[PDB]
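J.: Have a look at this one.
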Amino acid sequence: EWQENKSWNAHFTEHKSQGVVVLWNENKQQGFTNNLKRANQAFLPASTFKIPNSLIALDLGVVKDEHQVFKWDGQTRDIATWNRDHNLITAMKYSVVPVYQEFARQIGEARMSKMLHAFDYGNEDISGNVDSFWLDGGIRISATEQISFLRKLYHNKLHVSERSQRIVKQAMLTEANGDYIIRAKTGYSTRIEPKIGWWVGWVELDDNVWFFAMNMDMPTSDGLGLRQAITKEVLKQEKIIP
């Protein structure tokens, strides 16, 4: 069911990095990773939590639809793209933490906790502050657990409405061309060691879907582009994308 391919480690070491890529072939129900241990080690989800958070906010009516405007609160932050109005699409594109913090406050502890249990999401533990637990609280998720969750979302099998799942998958749209579609979400965890970057999502082909989840050590922000670059080098090696 699971195959370890350490030849992918070259893609990390050539960039003076360490990490894990996990791939799942939906047609064949077979998984592949360079590091079975790290594939099952649990990390803070950081901004990858914007996927479940969006689903919960939509299903409870905290977010009406993907056009609703969340007005900038007028507090200047160090990420320029955060100092503006956003909707669900742009808030996910730019990983706009303060918008999702407000979602979490309106969701509340009780409903957030139950919904994460219904999703079987990671360790399902929201210990910490309700507006930051995915950044510095007790919640943890592994790369293999990200894949399990994403497969449910792809098949509209999560315990929220079909509409909520369709909207979040629209908001995850990252890249599309004549060869593939990528729906994904980046993450960057810095408040708790080890600092890591995430990229989780899937690649849609004409006749198959390949789910992926990667994380990697991220001692400085200088290496953030490697999250997508390393993943795509693996995808290219496996002839999933040209």
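All residue names refer to the structure tokens as shown: chains lettered A, B, ... in order, residues numbered from 1 in each chain, ligands numbered from 1 in order.
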Taking only C-alpha atoms into account, produce a table as CSV in which each residue of segment 74-179 of chain A with an atom at most 6 Å from an atom of segment 36-51 of chain A appears once, together with its shortest atom pair and the distance in Å to one decimal, ordered by chain and rising number.

T.:
```
residue,atom,partner,partner_atom,distance
A:134,CA,A:46,CA,5.2
A:135,CA,A:46,CA,5.0
A:140,CA,A:44,CA,4.7
A:141,CA,A:42,CA,4.6
A:142,CA,A:42,CA,4.1
A:143,CA,A:39,CA,5.2
A:144,CA,A:39,CA,5.8
```

J.: Which neighbours of residue 223 of chain A fall inside 9 Å, counting only C-alpha atoms, when residues of the same chain fewer than 5 positions from it are skipped, and could you give them as a VMD selection string?

T.: chain A and resid 17 197 217 to 218

J.: Take the residues from that selection and put them in a file with N, CA, C and O atoms, as a short mmCIF file (atom, residue, chain, number, x, y, z; two decimals), in the first residue's frame.

T.:
```cif
data_model
loop_
_atom_site.label_atom_id
_atom_site.label_comp_id
_atom_site.auth_asym_id
_atom_site.auth_seq_id
_atom_site.Cartn_x
_atom_site.Cartn_y
_atom_site.Cartn_z
N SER A 17 18.24 21.27 2.23
CA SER A 17 17.00 21.20 2.98
C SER A 17 16.73 19.77 3.44
O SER A 17 17.43 18.82 3.06
N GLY A 197 7.65 24.67 6.52
CA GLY A 197 6.71 25.04 5.48
C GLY A 197 5.91 23.82 5.06
O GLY A 197 6.42 22.70 5.08
N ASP A 217 11.82 21.68 6.61
CA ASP A 217 12.42 22.64 7.54
C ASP A 217 12.53 24.01 6.87
O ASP A 217 12.86 24.12 5.69
N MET A 218 12.21 25.05 7.64
CA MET A 218 12.14 26.42 7.13
C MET A 218 12.76 27.35 8.16
O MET A 218 12.06 28.09 8.86
#
```

J.: Using only C-alpha atoms, find the one residue out of A:242, A:162, A:8, A:18 that sits nearest to residue 55 of chain A.

T.: A:162

J.: Skip segment 111-117 of chain A itself and residues of its chain fewer than 6 positions away, then list as a list in words all residues within 9 Å of it, counting only C-alpha atoms.

T.: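 Listed by chain and then number, they are residues 52, 53, 56, 104, 123, 124, 125, 126, 130, 159 and 160 of chain A.
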
J.: Residues near residue 29 of chain A, anyone? I mean within 9 Å using only C-alpha atoms, not counting same-chain ones fewer than 4 positions away, as a PyMOL selection string.

T.: chain A and resi 1+24-25

J.: Atoms to include: C-alpha atoms. Write the selected residues as a JSON list (two decimals), in the first residue's frame.

T.:
```json
[["chain", "number", "residue", "atom", "x", "y", "z"],
["A", 1, "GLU", "CA", 0.00, 0.00, 0.00],
["A", 24, "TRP", "CA", -1.28, 9.29, -3.22],
["A", 25, "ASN", "CA", -2.39, 7.78, -6.55]]
```

J.: Determine, using only C-alpha atoms, which residues of segment 72-180 of chain A have any atom at most 10 Å from an atom of segment 185-194 of chain A, and tabulate each with its shortest atom pair and distance in Å to one decimal place, rows ordered by chain and then rising number, as CSV.

T.:
```
residue,atom,partner,partner_atom,distance
A:92,CA,A:185,CA,7.7
A:93,CA,A:185,CA,8.2
A:94,CA,A:186,CA,9.6
A:95,CA,A:186,CA,8.0
A:134,CA,A:189,CA,9.1
A:135,CA,A:191,CA,6.5
A:136,CA,A:191,CA,5.8
A:137,CA,A:192,CA,9.0
A:171,CA,A:185,CA,9.3
A:172,CA,A:185,CA,6.3
A:173,CA,A:185,CA,8.7
A:174,CA,A:185,CA,8.0
```

J.: One decimal, in Å: what's the spacing between atom CA of residue 28 of chain A and atom CA of residue 241 of chain A?

T.: 17.3 Å

J.: Tell me, as a VMD selection string, which residues lie within 10 Å of residue 82 of chain A, counting only C-alpha atoms; anything in the same chain fewer than 3 positions away does not count.

T.: chain A and resid 72 to 73 75 to 79 85 to 86 90 to 91 94 to 99

J.: Interatomic distance between atom CA of residue 63 of chain A and atom CA of residue 164 of chain A?

T.: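 Between atom CA of residue 63 of chain A and atom CA of residue 164 of chain A the gap works out to 9.9 Å.
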
J.: A:31, A:199, A:178, A:239: which is nearest residue 227 of chain A, counting only C-alpha atoms?

T.: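 Nearest candidate to residue 227 of chain A out of A:31, A:199, A:178, A:239: A:199.
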
J.: Which residue gives the smallest distance to residue 88 of chain A among A:74, A:167, A:16, A:26, with only C-alpha atoms counted?

T.: A:167

J.: Nearest to residue 166 of chain A: which of A:145, A:195, A:65, A:214 is it, counting only C-alpha atoms?

T.: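 Ranked by minimum distance to residue 166 of chain A, first place goes to A:65.
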
J.: For residue 240 of chain A, which of A:179, A:59, A:131, A:222 is the closest residue, counting only C-alpha atoms?

T.: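 Comparing A:179, A:59, A:131, A:222 against residue 240 of chain A, the winner is A:179.
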
J.: To one decimal place in Å, what is the distance between atom CA of residue 154 of chain A and atom CA of residue 138 of chain A?

T.: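 Interatomic distance, atom CA of residue 154 of chain A to atom CA of residue 138 of chain A: 26.5 Å.
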
J.: Write down as a count of residues only the residues belonging to chain A that are assigned alpha helix (DSSP H) by DSSP computed on the backbone.

T.: 84

J.: Which is closer to residue 149 of chain A than all the others in A:180, A:212, A:2, A:198, using only C-alpha atoms?

T.: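 Under the stated criterion, the closest residue is A:212.
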